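**Q** Model the structure of this input:
(one chain, ligands or ions: 2)
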Amino acid sequence: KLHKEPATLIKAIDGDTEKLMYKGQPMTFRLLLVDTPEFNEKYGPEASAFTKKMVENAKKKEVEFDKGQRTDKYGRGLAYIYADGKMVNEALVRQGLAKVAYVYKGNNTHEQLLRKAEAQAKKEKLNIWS
Ligand SMILES: Cc1cn([C@H]2C[C@H](OP(=O)(O)O)[C@@H](COP(=O)(O)O)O2)c(=O)[nH]c1=O
Ligand SMILES: [Ca+2]
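**A** Numbers count the residues shown, from 1 in each chain. Ligands and ions are numbered 1, 2, ... in the order given. The protein structure is shown below:
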């Protein structure tokens, strides 16, 4: 079982990265197990807008680390991010705005959950899958 930790919004970045204050440190969090298009790729601006609004509209922001690496080689936090209890990683995938991606054995607690979301988005031919 993982645990959710409080964090506070600093600023949006793009569909799968967000800047949060965590334990008094400004950190870029990269979302586990997903990949949104880069900002100037198709669906890029939409995935950016979706993550940005989902986070900044939530009263309660939380980060949840997995069991393995907590930071990548760039110093970004690797986490599942929750906004009023809804997981952003999952919501992007469900809406066809991110693919399941960067799936590593240390750090794949929510893999089945996100794959179930992805299969729904592909069935519906949403966005990336249209
Ligand atoms: C999601 C994720 C990305 N990364 C690294 C892999 C890629 O590094 P390399 O470019 O060195 O191969 C990079 C992709 O992030 P972005 O999709 O944000 O560009 O982030 C991890 O190390 N672990 C992860 O869980
Ligand atoms: Ca990306």
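
**Q** any chance you could map the strands in this protein?
**A** 4-6, 8-14, 17-22, 25-31, 34-35, 61-65, 77-83, 86-87, 99-100 (DSSP state E).

**Q** at contact distance from ligand 2, anything in the fourth one?
**A** No. Using CB under 5 Å from the ion, we find that strand 25-31 stays clear of ligand 2, coming within 8.5 Å at best. (Each C-beta comes from the backbone N, C-alpha and C, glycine too.)

**Q** for that strand, packing partners?
**A** strand 17-22, strand 77-83, helix 88-94 (3 or more CB pairs under 8 Å, 6 or more residues apart in numbering; DSSP states H and E).

**Q** could the ones you listed go into CSV alongside mean neighbour count and distance to ligand 2?
**A** Listed next are these as CSV, based on neighbours: other CB atoms under 10 Å; distance: least, CB to the ion, whole Å:
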stretch, mean neighbour count, distance to ligand 2
strand 17-22, 19, 8
strand 77-83, 24, 13
helix 88-94, 24, 11
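
**Q** closest one to ligand 1 among these?
**A** strand 77-83 (4.8 Å; CB to the nearest ligand atom).

**Q** For the closest one, which outside residues touch it?
**A** Contact with strand 77-83 is made by 2, 4, 7, 18, 20, 22, 27-33, 54-55, 57-58, 60-66, 69-72, 87-89, 107, 110, as judged by CB atoms under 8 Å, 6 or more residues apart in numbering.
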